[PDB]
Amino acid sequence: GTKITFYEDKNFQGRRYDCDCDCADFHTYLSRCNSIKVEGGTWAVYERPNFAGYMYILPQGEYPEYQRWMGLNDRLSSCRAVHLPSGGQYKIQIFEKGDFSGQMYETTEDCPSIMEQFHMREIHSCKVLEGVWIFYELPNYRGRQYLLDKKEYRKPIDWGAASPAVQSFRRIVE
């Protein structure tokens, strides 16, 4: 039941592309994207092919303009379904310094402000012990977004960020 439909023009009009599961490059089918329907599941959609560039998380729902998924523009060319481990457990460790060094804070809860709750301005490495998470640049879940699946992130470039700026994070729940 999980799939997403990208449309070239506004309000679900024009040429459309369907993805049922991880589509690594659809630019030959759609030259831009100005509408999206997420029929099921939760999806990361990426600006550049092979899951590169600016990403955006979209849960199930309809998005009649690119600004409705917070997109900065109408460029998308790849996407992968978000897989939720079952059990439903979320637990993360965030680190002051790279390679799991320095201050370290563990939580199972969402964090709309790292500053208020942990008195850090930056994250430099991460361990996702359980679940799937999103790192956001600005607080309260705004700005650039990064997807963090169950792994280890020795450095910010491992969640695909060019700086260590992280001010909020939360769980991916459906």
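The numbering used is simple: start at 1 and walk along the sequence shown.
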Entry-level comparison of average CA B-factors, 72-80 and 85-93, reporting the higher stretch: 85-93
Entry-level comparison of average CA B-factors, 107-115 and 28-36, reporting the higher stretch: 28-36
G61 - Cα temperature factor, lowest/middle/highest third of chain: lowest
Chain-wide C-alpha B factor ranking for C21, given as lowest, middle or highest third: highest
Within-chain third of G41 by Cα B-factor, per the entry: middle
Third assignment of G143 from its chain's C-alpha B-factors: lowest
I134 - which third its CA temperature factor falls in, relative to the rest of the chain: lowest
